[PDB]
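First the structure, in the form of structure tokens, and then the observations on it.
Here, each number is a calculation from the coordinates, and none is a lab measurement. Please note: Cβ atoms are built from the backbone with ideal geometry, for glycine as well, and neighbour counts cover all protein chains shown.
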Amino acid sequence: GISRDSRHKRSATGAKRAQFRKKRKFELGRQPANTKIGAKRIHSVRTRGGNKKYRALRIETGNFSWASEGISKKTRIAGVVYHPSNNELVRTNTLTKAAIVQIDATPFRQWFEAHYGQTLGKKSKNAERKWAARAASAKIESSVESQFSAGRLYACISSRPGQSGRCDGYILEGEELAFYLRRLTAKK
Amino acid sequence: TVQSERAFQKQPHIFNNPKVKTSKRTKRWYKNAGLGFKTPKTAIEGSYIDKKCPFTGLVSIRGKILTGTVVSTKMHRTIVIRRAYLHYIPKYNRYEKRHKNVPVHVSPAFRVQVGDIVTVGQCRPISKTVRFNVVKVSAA
Amino acid sequence: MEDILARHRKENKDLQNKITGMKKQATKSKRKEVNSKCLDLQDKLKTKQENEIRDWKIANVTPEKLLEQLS
Amino acid sequence: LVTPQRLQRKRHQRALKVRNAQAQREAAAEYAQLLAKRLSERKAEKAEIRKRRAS
RNA sequence: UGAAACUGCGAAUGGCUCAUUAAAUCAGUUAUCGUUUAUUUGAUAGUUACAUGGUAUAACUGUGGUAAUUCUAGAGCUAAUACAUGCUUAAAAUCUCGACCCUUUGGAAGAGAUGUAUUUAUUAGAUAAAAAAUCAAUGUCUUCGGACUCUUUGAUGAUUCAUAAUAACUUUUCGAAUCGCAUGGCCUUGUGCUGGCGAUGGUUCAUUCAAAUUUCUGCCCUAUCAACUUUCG
Ligand SMILES: [Mg+2]
Ligand SMILES: [Mg+2]
């Protein structure tokens, strides 16, 4: 099908190479799975070797990591806002690697109230022993609780959906987030 | 102009912790190439991001090592070197001059100008025709 | 009002039997996937009932501010 | 059909996984003993290096 | 013993020919810290009704169709190392919570989790010659003024390597419901518990047969071919 052969191109001097052989099974290429938002729909794709490759067509959930506290929670994905390869994958709401989505901030907040104990925005004895044990770690840069006020975090996606079948990434931090929001406001 | 370009430029799988207030805002990772090649100091204190740099990125050096003389520096982060050599025709018992142009990658830790001699090492296939990588610069 | 509540109750009565049949029909391999699908269906039904109640009551942030606060 | 032979084979599978587990556990214990005595000898060599440099 | 058939395997080797192809194939020489690898060989898995679940069908019987194919329809059976389910195991350790105890310097009954594989994030993966001052935590004793009486692994020239740990993740991958030989020991005498030789199957690591790209140098004639490549890479 899609041949990723290097003899069908030109050379380094622009000469037209002739055809040399028929296209091979060890050099094939598949049609891409332009992965949308929807109910969970993953197709199995058999590879070269005795291996097997997932192909995520429509997916909605993900295991997104928080960089600072070192937690990763299974959390729904709302929609794609911004994407580096093309601007048209934003229009079709496409999850790929580094395609940036808005992720809802409910279970990170519900962990955070169980682990840090201060509400954002606006009794069992060992638990307040533990929240007395952690004092200095409760400070996060202002953009994160500004996103918690709306309950929608921005997160990048690091796991390729067309190979793994998953959609897992990391929440944007102040350097990453600051540059990406300034060019978001430059677009908006 | 480090974040001039369209996605963010970072070394992969590095972390700067916001909870711990450090003196330097960017922890940088570097490795030595081997073969007695000294890492330049601008690789360590620098702020650039490059995957194909052998001192800051995910490219090893292995195989043949070559020396040449650069002719073209006119394109983005890759330069073209030129090796002149002698080829021996056995019937006439005397040599022929010949030359081959190989386009090599260059990290921004090197200030390479045309006329200088470089030292290139083999790496993984970086592009269609680039297969090499500059690891030493000699001023001329 | 009362008709929307009766429709939501009938939808919950159908969805409970559907979730119980899906839980009973599952094997040891697919039980986690069936539980995730049932939890997603329950969350979607609760969100649909809340949106229907909000519509029945009605009928009858930006990154620039984050940039200004950061700078 | 449940025969005595299949019970014997199931018994042999259970017994083999058991004795493989104790064999690799005692191999791990003997190697832990070897690494502990090697580190003790290494600390003794460190001690004689420190007293020859102190003298 | 064994026609047929299911299942496993092979049929991707061998054999032939030289049409295309002029940095193409190839020759010598590298590389894979850039990958897949049925088989062989060696290691590898106490963590998930068990006197051993379930269902289809072929082969076969019977009825058929057409000029004709290694064509097959309907009906009636029944197997697995087919298909699909589905339990079991020892101690110990460590973390998440934690009923109560009292106000110190706090310590705890109890509950849950911790095999392997996938995916993400983070951390460890160190090695030049010696020292002192402070604050905590501890193992500590008080002449309650005081201070110490005891902790630190591999490889490569090179790595974000090998590998380990934490937080989770997953149409939950694997963790034997198989078969041939001799049938043995231990008694509370149950037809109870143990018990060998070796074929197949299986996750992963390594090896092997390989494969795939890949580095340097090399090709016959032609200027009556001097500029070629980029909308279409
Ligand atoms: Mg026989
Ligand atoms: Mg084997």
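Identification of helices (runs of 4 or more DSSP H) wholly contained in segment A:94-181 with 1 or more residues that are over 22 Å from B:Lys19 (Cα atoms) and more than 14 Å from chain C (Cβ to nearest Cβ) yields A:125-133, A:161-164. Once segment A:15-62 is narrowed to residues that are away from RNA strand E (no atom under 11 Å from the Cβ) and loosely packed, with under 10 Cβ neighbours inside 10 Å, the residue that is farthest from the other protein chains (Cβ to nearest Cβ) is A:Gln31. Among the residues of segment A:110-143, those identified as more than 30 Å from A:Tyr180 (Cβ to Cβ) and exposed (fewer than 14 other Cβ atoms within 10 Å of the Cβ) are A:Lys123, A:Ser124, A:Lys125, A:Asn126, A:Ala127, A:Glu128, A:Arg129, A:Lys130, A:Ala132, A:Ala133, A:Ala135. A residue that is of a type in the set (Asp, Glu) and closer than 30 Å to A:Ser146 by Cα occurs somewhere in segment C:33-46. Among residues of segment A:46-78 being outside any loop (DSSP other than H, G, I, E, B) and small (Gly, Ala, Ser), the one that is nearest to the chain's Cα centre (by Cα) is A:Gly62. Which of the residues that make up segment B:105-128 are within 9 Å of RNA strand E (Cβ to nearest atom) and surrounded by 15 or more Cβ atoms within 10 Å (Cβ to Cβ)? Across segment B:105-128, the qualifying residues are B:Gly121, B:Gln122, B:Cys123. The helices (runs of 4 or more DSSP H) found wholly in chain C and carrying at least 2 residues that are acidic (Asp, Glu) and within 14 Å of chain A (Cβ to nearest Cβ) occupy C:31-59, C:63-70. If only residues of segment A:83-108 that are among the β-branched types (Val, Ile, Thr) and under 15 Å from A:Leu172 (Cβ atoms) are counted, the one that is surrounded by the fewest Cβ atoms within 10 Å (Cβ to Cβ) is A:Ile100. Looking at segment C:1-48 only, could you name the residues that are more than 12 Å from RNA strand E (Cβ to nearest atom), under 25 Å from A:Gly62 (Cα atoms) and among the polar types (S, T, N, Q)? Correct list: C:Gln42, C:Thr47.
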